[PDB]
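Throughout, numbering of the chain's residues begins at 1 and tracks the sequence. The figures that follow rest on heavy atoms only: side chains count, while hydrogens, waters and symmetry mates do not.
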Amino acid sequence: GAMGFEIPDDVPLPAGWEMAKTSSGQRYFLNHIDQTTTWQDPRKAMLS
């Protein structure tokens, strides 16, 4: 997007996490060890 609201792809997810997309292009995030799934980007947790 023109504003780049997303956290840049160069910033890795936390260890043990992966990102996926729906068929409509919506991002979601998988936490392997807790087997949890969320729409919220975990990388925002590290913003000041």
Side-chain angles (χ1 to χ4, degrees):
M3 282 287 283
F5 285 108
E6 282 174 356
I7 285 174
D9 295 342
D10 276 4
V11 183
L13 300 166
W17 289 65
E18 291 187 271
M19 181 178 87
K21 291 184 194 159
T22 68
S23 290
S24 58
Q26 295 295 314
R27 294 177 162 194
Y28 61 98
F29 306 84
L30 313 179
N31 170 0
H32 280 284
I33 198 161
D34 300 315
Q35 287 286 287
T36 57
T37 52
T38 178
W39 296 103
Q40 312 296 332
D41 186 344
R43 295 177 293 174
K44 291 180 186 306
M46 299 312 278
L47 299 163
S48 71

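- Scored by the side-chain contact (heavy atoms from CB on, under 4.5 Å) test, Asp34 finds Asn31, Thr36 as partners (sequence neighbours excluded).
- Residues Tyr28, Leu30 make up the rest of the hydrophobic cluster containing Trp39, defined by ILVMFWY side-chain heavy atoms closer than 4.5 Å, directly or through other members.
- Applying the under-4.5 Å side-chain rule to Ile, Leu, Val, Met, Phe, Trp and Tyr, the cluster around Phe29 extends to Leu13, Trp17, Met19.
- The stretch residues 13-26 participates, sequence neighbours left out, in no salt bridge (charged side-chain N to carboxylate O under 4.0 Å, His left out) pair at all.
- With sequence neighbours excluded, the residues forming a side-chain contact (heavy atoms from CB on, under 4.5 Å) with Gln40 are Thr38, listed by chain and number.
- Contacts of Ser23 classified as side-chain contact (heavy atoms from CB on, under 4.5 Å), with partners at least two apart in sequence or in another chain: none.
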Pair up each side-chain donor or acceptor in residues 4-11 with any protein partner under 3.5 Å, not counting sequence neighbours, and list the distances.
residue	atom	partner	partner atom	Å
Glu6	OE1	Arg27	NH1	3.1
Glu6	OE1	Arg27	NH2	3.3
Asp9	OD1	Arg27	NH2	2.8

